[PDB]
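Below: one structure, written as structure tokens.
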Amino acid sequence: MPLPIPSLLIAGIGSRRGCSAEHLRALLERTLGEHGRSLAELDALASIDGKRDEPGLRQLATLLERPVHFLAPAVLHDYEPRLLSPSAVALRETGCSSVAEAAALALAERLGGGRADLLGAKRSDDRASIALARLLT
């Protein structure tokens, strides 16, 4: 009996200082809606670990009752070659050319144990970026 899928869906988030839970949640909702996915289907949120706290992301994780994992800059860098939206601010600050895309892939593959795929390029506004990754199966 092959169980194909714990089908896994992860949202990677990169955000500017101060970005609210409500802002993030609205961007997240629109991003999921583009791909015909619902908040209810997310398994976890991912972002980059650093010193700065982001109360907005922790609050969003509490709203969703789902975890947020913060991943080492070094782990995210491993995903540079597979990113869809190679960036500046990001690359400058974090060494990583898209925090949202890298963190979504990196977490999906870590929780899921095989190859992950982005659903599309990240969606960004002035304050935050969201990317979605799933298990290649």
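Backbone-built Cβ (ideal geometry, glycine too); neighbour counts: all protein chains shown. Quick note: the coordinates plus some simple rules give every number you see, no bench work behind them.
Among the DSSP beta bridges whose two residues both lie in the chain, what percent are antiparallel, rounded to the nearest 5?
Close to 65 percent.
With θ set to phi - 60°, apply the Karplus curve 6.51 cos²θ - 1.76 cosθ + 1.60 along region 21-35 and write out the HN-Hα couplings as whole Hz, x wherever there is a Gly or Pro.
4, 5, 5, 4, 4, 4, 4, 3, 3, 5, 4, 5, x, 3, 9
Quick one: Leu135, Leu42, fewest Cβ neighbours within 10 Å first, how do they rank? Don't jump to the answer; show the numbers that get you there.
Numbers: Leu135 21, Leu42 17.
Ascending Cβ contact count within 10 Å gives the list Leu42, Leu135.
Fewest to most neighbouring Cβ within 10 Å: what's the order for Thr137, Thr31?
Least to most surrounded, the residues fall as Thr137, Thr31.
What order do you get for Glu54, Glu101 when you list them from fewest to most C-beta neighbours inside 10 Å?
Least to most surrounded, the residues fall as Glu54, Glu101.
Quick check: net charge around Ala72, other residues with Cβ under 12 Å of its Cβ, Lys/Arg +1 and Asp/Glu -1?
Charge balance near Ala72 sits at -1.
Can you compute the helix-only [θ] at 222 nm over the chain? Use -39500 (n - 2.57) per DSSP H run of at least 4 residues, normalise by all residues, nearest 500 deg cm²/dmol.
That calculation yields -10500 deg cm²/dmol at 222 nm.
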